[PDB]
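Descriptive analysis of the structure
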Amino acid sequence: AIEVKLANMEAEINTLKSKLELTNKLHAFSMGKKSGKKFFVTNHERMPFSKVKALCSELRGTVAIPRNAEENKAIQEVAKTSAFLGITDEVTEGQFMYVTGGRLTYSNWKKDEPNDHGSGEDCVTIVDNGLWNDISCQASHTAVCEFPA
Amino acid sequence: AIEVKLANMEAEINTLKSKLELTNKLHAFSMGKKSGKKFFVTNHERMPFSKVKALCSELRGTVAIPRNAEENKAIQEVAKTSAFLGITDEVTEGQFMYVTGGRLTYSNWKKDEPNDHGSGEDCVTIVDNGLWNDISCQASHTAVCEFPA
Amino acid sequence: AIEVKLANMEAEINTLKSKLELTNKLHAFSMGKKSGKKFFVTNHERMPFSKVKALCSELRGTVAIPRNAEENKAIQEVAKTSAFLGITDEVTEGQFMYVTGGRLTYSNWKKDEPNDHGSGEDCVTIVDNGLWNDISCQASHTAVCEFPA
Ligand SMILES: [Ca+2]
Ligand SMILES: [Ca+2]
Ligand SMILES: [Ca+2]
Ligand SMILES: [Ca+2]
Ligand SMILES: [Ca+2]
Ligand SMILES: [Ca+2]
Ligand SMILES: [Ca+2]
Ligand SMILES: [Ca+2]
Ligand SMILES: [Ca+2]
Ligand SMILES: [Cl-]
Ligand SMILES: [Cl-]
Ligand SMILES: [Cl-]
């Protein structure tokens, strides 16, 4: 009977949706996602900023953005090496903004940074001791993505 | 036409279900699951026992339970820090039972434990060297869930 | 109704397929998959060659095979200990072949290897120098699976 088969199909699809959600929750938990907190993931690959943005966007995340000290430390831990943050002053020199919009608030700049060095630096990397340095968007640093809480 | 479309979609569905099962298999393997052994996993978050139970049930798992010295060792290495076990003596003082049911088979109490210290301690935690200490269920410890072999 | 519901379910199936693809991409990323590069994964379990092949087969992968020094180094780093490679001379003693078919191209044999020692050695393990040694297929070494670039 077509209708009974259609109803079973709806149930099969709803069951699959729920199982996929469960799979997504288990993976986030295994990646260290804390309850009600956003999480960070890296493949430890170094690449220019444009590639990190593309990669994270493709995974439905964004380049990691430290909004506070705890998150900064979490990102530093995940990365292990220098890594790009989702913060740049490409739109207007001197005004750092998050890739997702809004003016930069919390910061952890190394002493004497940002300094738009040489020909100019519009991207930001979390470096030694978790401090920040503005650097060329064309330089290759570790790709760290963040996913919603 | 319609009956054919429906049959073709039932086939796509079966294939998708098998593909998701694969994703689950590969994820567990990547997280260290050994052939024929229970899969133990943590996000390294410390919280009260009530929360651990809720979290593990939310992922369709259960709070980690060491049924023997080998599983106890496995849990010890996953947790790294003090972690709640799925065991309590909430029914009868001194009678430790698994949250999933039954009397405790294996145990690894630390010297002078269990002591039901102070106002009482009805939960259990695996601590240094993998030894056990009873503790208040309200205290916050690492959340470690288990999934079937 | 019938046809509308059937059309909706096709949309649901395609949406679910896209979501599962996303989940697989994100899991590959967390597993360390580098852009356009093949990747290796291990659960750190040690088992006989027969079991490694069966396990990787279940996961839709293959026993890790280094096609060059780069891949050889990657497998060495994932395994951490001796691990089996998808290379054997089981068919014809002395002529090592990939389990995936074809004659062994790249090789990194330790001096004096392969020597089919004692009772016989038909499988190959990448040792703690990246160098290779032929060994009994019955011996238990780390299972490292390889997935496509
Ligand atoms: Ca500029
Ligand atoms: Ca600038
Ligand atoms: Ca700078
Ligand atoms: Ca009590
Ligand atoms: Ca007690
Ligand atoms: Ca105690
Ligand atoms: Ca032989
Ligand atoms: Ca041989
Ligand atoms: Ca040998
Ligand atoms: Cl720049
Ligand atoms: Cl208690
Ligand atoms: Cl052999």
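In the nomenclature of the PDB entry, chain A corresponds to MANNOSE-BINDING PROTEIN-A from the organism Rattus norvegicus. In the PDB, the title recorded for this entry is "TRIMERIC STRUCTURE OF A C-TYPE MANNOSE-BINDING PROTEIN". Quoted verbatim from the Subcellular location field of the UniProt record, the comment on chain A reads "Secreted".

Mapped onto the elements, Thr92(B) comes out in the loop between strand 3 (83-88) and strand 4 (97-98). Sequence separation of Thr92(B) and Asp122(B) is 30 residues, and the distance between their C-alpha atoms is 9.7 Å.

Now for the relation of the copies chain B and chain A. For the match of chain B to chain A, the screw axis carries a shift of 0.2 Å, the RMSD comes to 0.5 Å, and the turn is 120°. Here the symmetry operator amounts to a three-fold rotation axis.

Moving on, we come to the coordination of the calcium ion (ligand 4). Six octahedral donors around a metal ideally subtend angles of 90 or 180 degrees, whereas four tetrahedral donors ideally subtend 109.5 degrees. Residues and elements named next belong to chain B. Taken together, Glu93 (OE), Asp122 (OD) and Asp122 (OD) make up the protein donors of the calcium ion (ligand 4), found 2.3 to 2.6 Å from the metal. Between the two metals, the calcium ion (ligand 4) and the calcium ion (ligand 5), the spacing is 3.8 Å, and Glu93 donates to both. One end of the pair, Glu93, is in the loop between strand 3 and strand 4; the other, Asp122, is in the loop between strand 4 and strand 5 (123-126), and 29 residues separate them in sequence. Relative accessible area serves as the criterion here: at 47%, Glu93 is assigned to the partly exposed category.

Residue and element names in this part refer to chain B. The alternating pattern of strand 6 (residues 132-135) places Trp132 and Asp134 and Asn133 and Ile135 on opposite faces, both of which are buried. In this sheet, strand 6 lies alongside strand 5 in antiparallel orientation, the contact comprising four bridges. Across the sheet, residue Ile126 finds its bridge partner in strand 6, namely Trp132.

Bringing the interface of chain B and chain A into the picture now. With 25 residues of chain B at the contact, the number on the chain A side is 21 residues. Applying the counting criterion to the chain B and chain A interface returns two salt bridges. A salt bridge links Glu58(B) to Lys25(A); the nearest nitrogen and oxygen atoms lie 3.9 Å apart. On inspection of chain B and its partner chain A, the count reaches six residue pairs in polar contact.

To continue, consider helix 3 (residues 69-79) of chain C. Residue and element names in this part refer to chain C. Regarding helix 3, the residues found buried are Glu71, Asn72, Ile75 and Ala79. Taken around the axis of helix 3, the buried residues stretch over an arc of 105°, which confines them to a single face. Facing away from the buried side of helix 3, by more than 90 degrees, are the exposed residues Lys73 and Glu77. Positioned one or two residues after helix 3, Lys80 has a phi angle of 75°, which is positive.

Let us now look at the UniProt feature "binding site: Ca(2+) 1" in chain A. Residues and elements named next belong to chain A. The sites that UniProt annotates as "binding site: Ca(2+) 1" are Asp89, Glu93, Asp116, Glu121 and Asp122. Spanning 34 residues, the named residues nonetheless gather at one spot, since no C-alpha pair among them exceeds 9.5 Å. By the element assignment, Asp89 lies in the loop between strand 3 (83-88) and strand 4 (97-98). If we skip the residues at most four places from it in the chain, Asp89 touches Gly94, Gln95, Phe96, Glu121 and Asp122. One polar contact links the side chain of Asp89 to the main-chain amide nitrogen of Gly94, over a distance of 2.9 Å. Tracing the sequence through the fold places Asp116 in the loop between strand 4 and strand 5 (123-126). Residues within four places of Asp116 in sequence aside, it is in contact with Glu93, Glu121, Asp122 and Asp134.

Basis of the calculations
Residues numbered from 1 in each chain as written, not as in the entry; some residues may be left out. Chains lettered and ligands numbered in written order. Heavy atoms only, no water. UniProt positions renumbered as here; feature names shortened; annotations may be inferred. Helix = DSSP H or I, 4+ residues; strand = E, 2+ residues; numbered from the N terminus. Least-squares fit on C-alpha atoms. Donors = N, O, S within 2.8 Å, 3.2 Å for Na, K, Ca; no water. Buried < 20%, exposed > 50% of the residue type's maximum accessible area, 1.4 Å probe, protein only. Pairing = 2+ DSSP bridges. Contact = heavy atoms within 4.5 Å. Salt bridge = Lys/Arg side-chain N within 4 Å of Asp/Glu carboxyl O. Polar contact = N/O pair within 3.5 Å; in protein donor to acceptor, adjacent residues only side chain to side chain. Arc of directions from axis to C-beta.

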